[PDB]
Each structure stands twice: as structure tokens, then as C-alpha cells.
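To keep things clear, I will list the structure first and then write my remarks on it.
Protein chains: 2
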Amino acid sequence: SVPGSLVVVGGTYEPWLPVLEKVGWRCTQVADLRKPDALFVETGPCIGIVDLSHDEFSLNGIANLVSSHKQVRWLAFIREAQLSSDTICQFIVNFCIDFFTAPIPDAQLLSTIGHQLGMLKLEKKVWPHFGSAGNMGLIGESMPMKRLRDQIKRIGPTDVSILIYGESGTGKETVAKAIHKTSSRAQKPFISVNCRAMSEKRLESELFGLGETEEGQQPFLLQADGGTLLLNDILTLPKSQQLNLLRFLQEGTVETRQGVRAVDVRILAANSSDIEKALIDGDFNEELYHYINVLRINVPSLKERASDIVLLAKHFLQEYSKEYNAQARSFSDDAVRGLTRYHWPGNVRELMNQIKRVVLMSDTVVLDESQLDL
Amino acid sequence: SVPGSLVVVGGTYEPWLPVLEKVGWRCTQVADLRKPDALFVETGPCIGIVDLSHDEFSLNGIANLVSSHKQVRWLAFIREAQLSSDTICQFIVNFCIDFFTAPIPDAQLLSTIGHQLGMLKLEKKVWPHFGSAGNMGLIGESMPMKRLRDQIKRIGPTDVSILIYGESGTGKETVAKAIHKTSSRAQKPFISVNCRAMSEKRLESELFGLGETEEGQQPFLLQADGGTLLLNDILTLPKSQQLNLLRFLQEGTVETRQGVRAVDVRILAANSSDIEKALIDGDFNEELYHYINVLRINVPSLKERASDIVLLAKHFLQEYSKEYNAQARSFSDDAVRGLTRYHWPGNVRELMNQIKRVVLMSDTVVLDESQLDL
Ligand SMILES: Nc1nc2c(ncn2[C@@H]2O[C@@H]3COP(=O)(O)O[C@H]4[C@@H](O)[C@H](n5cnc6c(=O)[nH]c(N)nc65)O[C@@H]4COP(=O)(O)O[C@H]3[C@H]2O)c(=O)[nH]1
Ligand SMILES: Nc1nc2c(ncn2[C@@H]2O[C@@H]3COP(=O)(O)O[C@H]4[C@@H](O)[C@H](n5cnc6c(=O)[nH]c(N)nc65)O[C@@H]4COP(=O)(O)O[C@H]3[C@H]2O)c(=O)[nH]1
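Chain order of the listed sequences is A and B. Quick note, UniProt numbering runs 8 ahead of the 1-based positions in the first sequence. Quick note, UniProt numbering runs 8 ahead of the 1-based positions in the second sequence.
Written as C-alpha cells, this is what we have:
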């Protein structure tokens, strides 16, 4: 087991270190601050002691390293010596739940840490080897994609709502399917809604049946009883519609043809636009936002996914060549470089769609360079 | 000291409750999920135990309150009847520090809870950071402006870097001065950096570069020691200065021939132009963007808070009229309409400096309709 890692140019502050080691835990300290930034991510969830007897290293960047997407993937911990530091003690606004005194009980500080160390041992115990496969990862396998799966697993099971904000065609629907399998309600229904063009009329027929409800009609939430309902591009939700989603959020009740009935649905969302501007402006209700933004997940873009662009092309060829019986089976080597350079605004989707176009053009078995430049 | 708060039908949690008012704590049990919201707001930084005997509470909404309005305003704690094996065990991703068994480890029990006294006893010390009755909002007071005060006061204390983006003359720096006053550093120096024509000469002379005296200007960083530094139009920085920003954000150094020093700088940023269009261009480094975009704060356009345009002029007249002893005292009822009509591409800076004109040009006590033909 390799969790537990303090960070300071000191490290010689061992009136508490071998006490953690002699109990059989070891330790891994950090000096500079450019290094743990790359460590805390890869390590995922761990206990990190930030020793601050002033000790030379900052306070602004100290607050940054704690929050720079290291919130959920790190349980915070701090250390100082009598140094009450009444001023910027506001650093404990970031749930550094317990400090570290100088009259240390070199055995009962283990009572605090050990309960927190035993708190982290909860997570990895029921899955101590998931990090490679994970049912193929469902898309790719890079640095931020290995990162993505590590988050997906520790945010899956908890039947809370999750905000999925990423670029267009990053696979918000793909991610929603992924965590659904881990949500223990996997078998139960899954519903994806392209809320972009719902245009109030039918979008409200789903919840409170307006001046028409054909026969069954059966609400999108009615079918999604024991399962999961997803709403993509949630910022495209009209004002009077956000309330009804907020209604089901605050009550858990939708109207069907054979009477109004309450259900229990884990509702997920998917964001495309800048979420901050939409809130200040008042496009979207912020009280509903806090319900969805319980936990955030960033779906990596292709610009952030270098050593992985190539894999997405090899396996997309397969499903598409087999589908349409094309006489091609590989790109040329120059076509490999030509794809890892493209902006990929549509990300996976554009690489997906454009490749499908190519397949239905080429007469050759190997895909050259010139034809697909646009 | 007056904390105690429980929540569930478990009045039959006599198996562990009454030992909490002895030792000396003011308990208060709740039952209905909706009331603790109104309760946990006014009670403040109390410690609340949330029972999860799988009795009633929709865990999706339970995780909400943990993050909604009760972050610092509540030290989390949970109780359950050994419901491990499944996802409920993983539901302790919501930072619930400690679990609760069932066969009361009494003499050990408090070691879980009571280790939060000295921590919670702190939270009560730095709570009334509201103060100043709110700096009059510094500017206006509409709907989209009412949003800004709260978000400013929240992201204020957290000494992290914050990205401040908006339109051309929205007053990005106007916001930077605000969280500086809600900071913990607070009184410490506030420094802003404009860079329309800063070149590479003087900006690199700020950090190191030339300047080899014993009081020669002294680095914009060194003067901002312990305070706050803002870089307006941050995205136009050349790489070699983006590096210097990233160098300082990862190390924290700046050289002076009179002796190199390290400083404590909360590096905020201000942006107007579309950031994303420049990211793909490879002009701005993404690693630096991370450190800066730790927190986003959006400044609204006039189009959406047009219900404040009538107020800005009223105060911009009041401050200018007394300043230059103008005979101007009020606007015409028709003059009000036209001010909401000039669109104002340059936002507040436009409306402010354009009033400087009319005030120093108009001769009547009431600014007539014929005046605003500009
Ligand atoms: N004194 C003065 N002259 C004006 C004004 N508006 C336009 N001009 C003149 O008209 C030229 C072309 O303007 P443009 O199409 O807007 O294209 C402009 C404009 O888009 C931009 N530019 C230069 N200064 C500014 C500025 O202060 N604000 C803005 N928003 N753009 C500027 O760069 C381009 C170059 O403008 P120039 O080299 O100056 O060449 C400008 C300028 O000589 C003004 O309000 N005051
Ligand atoms: N169409 C047009 N109008 C002109 C021109 N020159 C002066 N004006 C007008 O008369 C006002 C005077 O602008 P200013 O004295 O330069 O004071 C301006 C100027 O200092 C600056 N500015 C705005 N646009 C430009 C620009 O395009 N180029 C430059 N160099 N400065 C600009 O912002 C100030 C506010 O400009 P405004 O609100 O627009 O109001 C401007 C503008 O409406 C021109 O060449 N073309």
C-alpha cells in the first residue's frame, strides 16, 4: 500500500514521521511544489500532510495545489508548530479537518490519522487493481484517460448527481453510460435526452402533461424508475422547465396518464457552455445548480489526449470497415502524424464522423494523405 | 460553544445520543430533510451527525446539503448500521471524516467526535468575515449583480488564484479590489498590472532583468508581498513572461541584486477576449492556465442588468457634480430611457467616461433631452 505523503523542504520534522513508520506505513515526502502537482493526481486519493511552520513554501500556491482538481482525489492534512497564525489560518476553509500540534501524542496522533487512513482504506479495498482495463475503458487509454477512469470508479456507485462538463463530442453520453454500470442500478433503464431542441412543448409533456397526453405517453422519468436519466446540454433548458426538473429534484414526482406518482431516479447532467457566465447572467437557476454540481468530472479533450488519438483511429476503422464492407484496413504512416495534429473541435465525434466519410470514398487498402484535409 | 444537531426518525437512537449533552453540548434532533436547510443556515458551524440506517433520506439530496450551504458551516459526520459491502460505503466520498459503528465505543466514541473541538473551535473564530455590511456591492444592485456579491464573498477567503473575465469595460479590476478586502491578507498591498504596451523591456525588469540599485522601483512582486497582484489582459503575455509567471507560481522567486527574496502573492488575472480561441493557437500555455483558472468569476454585460444603468449614472453624476461643482443635479425622465439605449459596447468604462463629458458640458440643472445627442 502506497498512500500517505507529506510535502515540505524539511522532512526532518520527524517528531511524528517514524511514529507513522514504526507502526508500519512508511512515507513519501516532497520538497518542491511543482512535483507533488504531478504526484497527487496520479496517486489519486491519499492523505497528504502539508507542514507549515512557515517553512519557506508559499500560501497562495498552497491553497492552489489543494483545489486545482485535487479536491475529491485527495483528503487534505496540515502541520505547524504553535504558530497559531491567526491571519491566513483561513486555509482550513479547505477541510484540512485537523491540524498538527507540537505537544504531539506520538501514538494518539495515530488515532486521528489511522481513522483517516482507515477512511481511505475503504475506497481501494473493494477494488485494489482497477486502473488498466475497466471494461476496456469504453474509449481510450492515455494520461488524462487513465485519470478519468480513476475518478469514474470513485464517483460511480454513490447514487448522487454528477455534472459532466466537457467539450462537444467528448462523450458525455459515453461517460454517463460508464458510471451507470458502477451505480449498482446498472440493469435498470438508461435514458439520454438531447435537450437541445426539446422546445418547451414536449419537454413539458414529459413532466406535467399539458393540453395533450395521447394515451400512455409514459414520462421519460416514468420509464427511468429504478435506473438513471441523463440531460445533455442542460444550459439549453428553458426557465419554466428547470423548475419541473427542480420539482422532481425537490419532491421526486412526475405525472403519468394513470395518475401522478413519485419515483426514485439518479439524474445526471451534461454541460457544454461556460457554466460560470450562465449563472451570473441568470440563464440557469443556481439552486438547481448546487444539486447537480455535487461532484464534478472533467472529460478530457483530444487536445489534451496526445498518445491516444492514434488508438481511436485504429479501432474506429474496425467497426466502420466491418459495417460497410470497405477494402481498407490501415492508414499510411504519414496519415498517423496528420491526425495527431488536427485541432479536433468535435474531438472523438469529429474523428469518428470524418473517418466514416473516408471509408466510403477510398479505393485503396491504405489511407493516404491528401483527400481528407478539410 | 453550542453545537449539537442530529437528523432522522431515530428518537430511538437513545442507544448513543444522551452521552453528547453530558460532556457539554447543545443537541437538537431533526427528522424532515427540508428543515435542516433552514436550520443549518442559522445554527452556523455546528457538528451534525447524519444517520444512514437506510431509513428514509434520499442520499442524492443528502450529499447536496454537505456541499450546498454547509461547507465550513458544518463539520460532517455520519451514522449507519454496518451497511458496508455496497455503494453506501462509497457514499463517504462526501468528506464525512468518520463513520459511526453501533455497539457504542463510548470511551472511544468521543475520540472520533471530540477530536473536532479544537478544529471547530477555530471555525467559530473566523466566521463573521461578512463585515462592512458588504462593501455596498462596490457597484450596482440588480439581479445579475446580486449574484456577484455572494460569489465574491465566497471565493474571497480561499487564497487561491481567480480568473476574472468579462466584456471590454466591465471593471475586472473593480472585482479584484473586492476579494482583496474580503481576503485574510486584506490590508496588505494590492497591485494591478496593465499591459497594453508593457513590452518585454519593463515587465522582465519587474522580476529580474536590469534594475540594479538599492531601491530601484522594487519588483511589482516584492511590493505585492503578502498582498494581491492582478495582471489585466493576462492572455496577451509573451511565453517568456508566461514562463516567469509559471516559474513563480511553481517556485516563488524573484531576483534583486540587493538580495533575492521570495514573496507571498495571490496572483489573480483579468481577461476580456475569448480565451478558447487563443488556447488552440498554442499562444497561451495550458499548465499556466490551470493555476490561474482555479476559480472563474464572470462579470456581466449591461444588456442583462439593464435595470442598473439608471443607477450607475445617478451615482456617477453625484460623484462628479460635487467634484467639479457642476449645476447638474438630476436627469430628465426621457434622459433615463436613452441611457439604456446607447447599447454601451465599452460597458461601465464607457458610461463613466462619457458622463465625464456631458457633466463638463451641460449648463442646466436638469439634463435636458436635447443634450444626449451623442
Ligand atoms: N482617433 C480615433 N480614430 C478612429 C476611431 N475609430 C476609427 N478610427 C480610425 O479608422 C481606422 C480603422 O478602424 P477599424 O476598422 O475600427 O480597425 C481599428 C480598430 O479596429 C483597432 N484599433 C486601434 N485602436 C483601437 C482602440 O482604441 N479601440 C478598439 N476597439 N480598436 C482599436 O485596430 C484598427 C486599427 O485602427 P487604426 O490603426 O487607428 O485605423 C482606424 C482609425 O484611424 C476612434 O474612435 N478614434
Ligand atoms: N466613427 C468614428 N468616430 C470617431 C472617430 N474619432 C473620434 N470619434 C468619435 O468621437 C469620440 C471621440 O473618441 P475619442 O476622443 O478618441 O475617445 C475614444 C478613443 O480614445 C478611444 N477609441 C475608441 N475607438 C478607437 C479606435 O478605433 N482607434 C483608436 N486609436 N482609439 C479609439 O476610446 C474613446 C471613446 O470613443 P467613442 O465612445 O467611440 O466616441 C468617439 C467616437 O465616437 C473616428 O475616427 N471614427
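Yeah, the Cβ is synthetic: ideal placement off N, Cα and C, and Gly gets one too.
Going along chain B, which residues have a C-beta under 7 Å from residue 288 of chain A?
Residue 288 of chain A sits at position 280 when you count from the first residue of the first sequence. Neighbours of residue 288 of chain A on chain B, chain order: 152, 155, 156, 306 and 308.
Taking the alpha carbon of residue 354 of chain B as the reference point, which residue from B/280, B/38, B/346 and B/324 has its own alpha carbon closest?
The sequence position of residue 354 of chain B within the second sequence is 346, counting from 1. Closest option to residue 354 of chain B, Cα to Cα, is B/280.
Could you tell me the alpha carbon to alpha carbon distance between residue 16 of chain B and residue 46 of chain B, rounded to whole angstroms?
Position 8 of the second sequence, counting from 1, holds the residue named residue 16 of chain B. Position 38 of the second sequence, counting from 1, holds the residue named residue 46 of chain B. Straight-line Cα distance between these residues: approximately 16 Å.
Euclidean distance between Cα positions of residue 165 of chain A and residue 298 of chain A:
Indexing the first sequence from 1 puts residue 165 of chain A at position 157. Indexing the first sequence from 1 puts residue 298 of chain A at position 290. Rounded to whole angstroms, residue 165 of chain A to residue 298 of chain A spans 20 Å at the Cα level.
Would you mind telling me which residues of chain B sit closer than 7 Å to residue 351 of chain A, beta carbon to beta carbon, in chain order?
Walking along the first sequence from the start, residue 351 of chain A turns up at place 343. Here the neighbours are 288.
Under DSSP, the alpha helix (DSSP H) around residue 346 of chain A begins and ends at which residues?
Mapped onto the first sequence, residue 346 of chain A falls at position 338. That run of the alpha helix (DSSP H) goes 341-348.
Between B/148, B/58, B/189 and B/192, which has its C-alpha nearest residue 319 of chain B's C-alpha?
The residue you call residue 319 of chain B lines up with position 311 of the second sequence. Measuring from the Cα of residue 319 of chain B, the nearest candidate turns out to be B/148.
Please give the ranges of any beta strand (DSSP E) in the segment 198-251 of chain B, keeping only runs that are unbroken, at least 3 residues long and fully inside the region.
198-201 and 236-240
Chain-ordered residues, beta carbon under 7 Å from a heavy atom of ligand 2:
B/354, B/358 and B/362
Cβ-based contacts, 7 Å cut-off: residues of the segment 157-191 of chain B near chain A:
165, 166, 167, 168 and 169
Inter-stretch contact at 8 Å, needing at least 3 Cβ pairs: the segment 238-257 of chain A / the segment 200-213 of chain A
yes
Thinking residue 362 of chain B and residue 370 of chain B are a contact (beta carbons under 8 Å), I'd like their distance in whole angstroms, please.
Stepping through the second sequence from its first residue, residue 362 of chain B is reached at position 354. Stepping through the second sequence from its first residue, residue 370 of chain B is reached at position 362. Actually they do not touch by this definition, with Cβ atoms about 12 Å apart.
Cβ pair residue 383 of chain A, residue 105 of chain B closer than 9 Å
Limits of chain A in this structure are 9 at one end and 382 at the other, which puts residue 383 of chain A out of reach.
Those residues which DSSP pairs with residue 172 of chain B across a bridge:
For the purposes of this step, residue 172 of chain B is taken as the residue at position 164 of the second sequence. BP columns for residue 172 of chain B point to B/278 and B/305.
Against chain B, with Cβ distances strictly below 9 Å, would residue 96 of chain A count as a contact?
By 1-based counting over the first sequence, the position of residue 96 of chain A is 88. By this cut-off, residue 96 of chain A is an interface position.
Listed by chain order, chain B residues near residue 298 of chain A by CB distance under 9 Å:
Translated into positions along the first sequence, residue 298 of chain A becomes position 290. In chain order: 72, 75, 76 and 77.
If you drop the 5 nearest sequence neighbours on each side, which residues of the same chain put their C-beta closer than 7 Å to that of residue 358 of chain B?
The residue labelled residue 358 of chain B in the question sits at position 350 within the second sequence. Counting only Cβ-Cβ distances below 7 Å, and skipping sequence neighbours, we find 177 and 352.
Could you tell me the alpha carbon to alpha carbon distance between residue 268 of chain A and residue 70 of chain B, rounded to whole angstroms?
Here the question's residue 268 of chain A lines up with position 260 in the first sequence. Here the question's residue 70 of chain B lines up with position 62 in the second sequence. Computed Cα separation, rounded: 25 Å.
For the beta strand (DSSP E) that contains residue 58 of chain B, what are its first and last residues?
The residue given as residue 58 of chain B occupies position 50 in the second sequence. First-last of the beta strand (DSSP E) with residue 58 of chain B: 54-60.
Stretch-stretch touch, CB-based, cutoff 8 Å, three pairs: the segment 54-62 of chain A with the segment 286-294 of chain B
no
Residues of the segment 249-279 of chain B with a CB closer than 8 Å to any CB of chain A: list them in chain order, please.
257, 258, 259, 260, 270, 272, 273, 274 and 275
Can you pull the chain A residues whose beta carbon is under 9 Å from the beta carbon of residue 106 of chain B, in chain order?
The residue you call residue 106 of chain B lines up with position 98 of the second sequence. In chain order: 123, 124 and 127.
Starting from residue 86 of chain B and walking both ways along the beta strand (DSSP E), at which residues does that stretch end?
Translated into positions along the second sequence, residue 86 of chain B becomes position 78. Element bounds for residue 86 of chain B: 86-88.
State yes or no: is the C-beta of residue 314 of chain A within less than 9 Å of the C-beta of residue 264 of chain A?
For this step, residue 314 of chain A is matched to residue 306 along the first sequence. For this step, residue 264 of chain A is matched to residue 256 along the first sequence. Result no, Cβ atoms of residue 314 of chain A and residue 264 of chain A do not sit closer than 9 Å.
Does the beta carbon of residue 69 of chain B sit closer than 9 Å to a beta carbon anywhere in chain A?
As a position in the second sequence, residue 69 of chain B is number 61, starting the count at 1. So yes, residue 69 of chain B belongs to the interface.
Measuring alpha carbon to alpha carbon, tell me which residue in A/367, A/199 and A/113 is nearest residue 331 of chain A.
As a working mapping, residue 331 of chain A is identified with position 323 in the first sequence. Answer by Cα proximity: A/367.
Check whether the segment 299-310 of chain A touches the segment 167-183 of chain A, counting contact only when three or more Cβ pairs, one atom from each stretch, lie closer than 8 Å.
yes
Which residues mark the beginning and the end of the alpha helix (DSSP H) in which residue 50 of chain A is found?
Walking along the first sequence from the start, residue 50 of chain A turns up at place 42. Its alpha helix (DSSP H) spans residues 44-51.
Got a sec? Which residues, its chain only, sit under 6 Å from residue 188 of chain B by beta carbon, not counting five neighbours each side?
Within the second sequence, the letter at position 180 stands for residue 188 of chain B. Taken in chain order, the residues that qualify are 198 and 236.
Count the other CB atoms within 10 Å of the CB of residue 161 of chain A; is the residue buried (16 or more) or exposed (fewer)?
On the first sequence, residue 161 of chain A is found 153 positions in, with the first residue counted as 1. With 16 or more Cβ atoms within 10 Å of its Cβ, residue 161 of chain A is classed as buried.
Do you know how far the Cα of residue 74 of chain A is from the Cα of residue 169 of chain B?
Within the second sequence, numbered from 1, the residue matching residue 169 of chain B stands at position 161. Within the first sequence, numbered from 1, the residue matching residue 74 of chain A stands at position 66. If you take the alpha carbons of residue 169 of chain B and residue 74 of chain A, they lie about 12 Å apart.
Pull up the CB-CB distance for residue 146 of chain A and residue 186 of chain A, whole angstroms please, since I reckon it's below 8 Å.
Residue mapping note: residue 146 of chain A aligns to position 138 of the first sequence, counting from 1. Residue mapping note: residue 186 of chain A aligns to position 178 of the first sequence, counting from 1. Indeed, because the Cβ distance is near 5 Å, the residues count as touching under 8 Å.
According to the Cβ coordinates, are residue 96 of chain A and residue 34 of chain B closer than 9 Å?
The sequence position of residue 96 of chain A within the first sequence is 88, counting from 1. The sequence position of residue 34 of chain B within the second sequence is 26, counting from 1. Contact: no.
Chain B contact residues for residue 120 of chain A, given Cβ-Cβ distances below 8 Å
In the first sequence, the residue the question calls residue 120 of chain A occupies position 112. What residue 120 of chain A touches in chain B: 123.
Mind checking whether residue 23 of chain B and residue 110 of chain B have CB atoms under 9 Å apart?
Translated into positions along the second sequence, residue 23 of chain B becomes position 15. Translated into positions along the second sequence, residue 110 of chain B becomes position 102. For residue 23 of chain B and residue 110 of chain B, yes; Cβs fall inside 9 Å.
Quick check on the DSSP output: what are the complete alpha helix (DSSP H) runs of length 4 or more inside the segment 62-111 of chain B, in order along the chain?
67-75
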